[PDB]
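Below, in structure tokens: the form deposited in one PDB entry, a single chain.
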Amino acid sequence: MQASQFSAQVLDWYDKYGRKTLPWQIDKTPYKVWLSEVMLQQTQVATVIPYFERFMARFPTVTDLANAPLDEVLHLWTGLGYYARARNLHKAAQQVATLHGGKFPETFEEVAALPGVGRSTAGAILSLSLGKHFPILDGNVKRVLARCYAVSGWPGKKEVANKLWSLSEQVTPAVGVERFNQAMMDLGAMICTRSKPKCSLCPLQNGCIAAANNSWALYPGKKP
């Protein structure tokens, strides 16, 4: 599928069916988007929402989080699992307070330099909170792109990852980047699921190679 067609069909779908009322989407800021992205990395949205609201009430700014004792952060994290995420969250808040005067940095390299924040999470923070023109590539996005364009191979292999990052850059637009990047996460989470994807509900079904061949189980590739 032509990349400009891909982007328009996804945005039209988002306009009518997309999620726009999660707490981190109202009055968005870099701090709220970063916090939600770290919580969502390994945890489902319904479990995260009460933790996100408790963290924003106790720590209204990144400086408040930075100045708090680590044990308090770990106590509030209890139940989210994967506590290396919380240790890195506190260190990244301290780096923003120390290097950036308590205001989130706005360049890709300074955001990716935060502990716990990789290439996709950095692009997510800058695109969703500030409109900057970066793509994302989490597991939801990998699945949609690898099925639509029939990208086989394991994404843990550098050459396969490079191909998926280039495809994501190509289909991600500048106008509407915040809507498109959330829409791709919504599609992978609710429609293009790991088992038995709901192709009849998908705005890419008219050009997707996996749908044409009933071959979604091949994409993305698994580890050998």
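For every residue, the number given is its place in the sequence shown, counted from 1.
Absent from the display: the form solved in complex with a small molecule. The rest refers to it.
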query	finding
Exercise: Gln182 in contact with the small molecule in the bound PDB entry, heavy atom 4.5 Å	yes
Proximity of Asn140 to the small molecule in the bound PDB entry, heavy atoms at 4.5 Å	yes
Contact flag, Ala174 vs the small molecule in the bound PDB entry, heavy atom cut 4.5 Å	no
Proximity of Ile26 to the small molecule in the bound PDB entry, heavy atoms at 4.5 Å	no
Whether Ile49, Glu53 and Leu80 all lie within 4.5 angstroms of the small molecule in the bound PDB entry by heavy atom	no
Partner-facing stretch of 151 to 159, 184 to 192, 53 to 61, 66 to 74, counted where any non-hydrogen atom is within 4.5 angstroms of the small molecule in the bound PDB entry	184 to 192
